[PDB]
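Shown next as structure tokens: one chain only, the form deposited in one PDB entry.
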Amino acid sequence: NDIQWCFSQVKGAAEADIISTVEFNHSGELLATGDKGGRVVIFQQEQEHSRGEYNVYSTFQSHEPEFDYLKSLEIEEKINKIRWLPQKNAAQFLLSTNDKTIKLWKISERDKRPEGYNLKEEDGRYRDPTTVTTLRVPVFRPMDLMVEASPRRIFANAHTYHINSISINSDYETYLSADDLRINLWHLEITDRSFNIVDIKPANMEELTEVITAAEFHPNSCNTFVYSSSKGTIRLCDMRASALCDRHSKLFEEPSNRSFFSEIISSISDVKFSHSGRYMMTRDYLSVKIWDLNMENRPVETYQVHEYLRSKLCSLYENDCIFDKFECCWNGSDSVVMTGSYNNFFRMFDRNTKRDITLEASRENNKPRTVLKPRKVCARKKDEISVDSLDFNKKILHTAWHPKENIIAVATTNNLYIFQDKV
């Protein structure tokens, strides 16, 4: 039943180095990570199923720090989201965003260079032009392989608030970007204008009650996208109905836990369509809920990430941990969903069996093909970990599942862990 996960790799070791996003490409051969420093590092799998290891493939500075003179505020270069485009040609393309700007990056391999000059040597040593009589055209010669990353398009100035989501449409033309109150629709080849399809900004900010937390396009349907709010609801929009999507087609929400923190913990941090697109998953602070898109009034499945914290919310509020934005992800077949927790724990929920396992991303097990031991938390029998001993600074916010294989990328604050199915 349970997948026997094994340590495969650890990469990394400073604030700038903290990983802020992890994303496999569509084929799964490339893995991208962003950090608070604005740097993108791409790892390529060795292709000598496939269980080859991932090695640094490209590295570039996606975003630079900038100052908003108009409002006298610094702009973080932190990379919030990375999204790969479907492979157009030999090159690779990904969208990279920070709070304000989305950049389209082309990553391409080059293995040849021009050679030959008329008026000088390769060394740069010039010669008298008077003696130059016969022309010669330069010829391309092989060179050691290198990978170059260049920014092809900049999508800037369109968002007043902080970008939280980018999502590519299935039509291969457009993608959305969502800040706290607006969702804008872009054409991948047009930077000078964008279409604001959703705007929940109230007339008077004193009356503000909801902010957008995440937005995603349906994997198959070109006209369907969802966005979630801080109030814990998900609105499904139909672009066919009308040009502007201020009217949702469906609203997903649930009707003894009415604590002071109920308003905080209910905020949805991440929403993910299943690969099939029939189910939708949302992560809030304490639970993962899976929605059938045909059932608005309640989820079909609910999983508790960490119940032992439900009594400690007071402490978590006092150290700001309660506002952590955890993510979730489906596996390729949509049978297992993975989400992170504290103390470098990450949680696997198998839908078919309804079984749980808790795994730890730690260097103590830094031996390849060594099986990870399931963890148990107790509020203490043999091998159980006390709740009070959990380190809340060790947060696994960002995780990524290989599109086809049982390979997962789990990012701690500083280190990126890669785990594989025992083979």
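Throughout, we count residues from 1 along the sequence that is shown. We call the rigid core the largest set of C-alpha positions that still match within 1.5 Å between the two forms.
Below, we turn to the form deposited in another entry, even though it does not appear here.
Once you line up the core between this form and the one not shown, the CA of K120 is the only one from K120, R152, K88, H187 that shifts by 2 Å or more. Relative to the superposed core, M295 undergoes a C-alpha shift smaller than 2 Å between this form and the one not shown.
Core-superposed comparison between this form and the one not shown: the CA of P138 exceeds or equals a 2 Å shift.
Taking 2 Å as the criterion, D111 counts as shifted between this form and the one not shown: its C-alpha moves by at least this amount when the rigid core is aligned. In that other deposited form, the Cα positions of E189 and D111 lie at least 3 Å nearer to each other than in the form displayed.
Note: the CA-CA distance for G116 and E148 contracts in that other deposited form relative to this form, by 3 angstroms or more.
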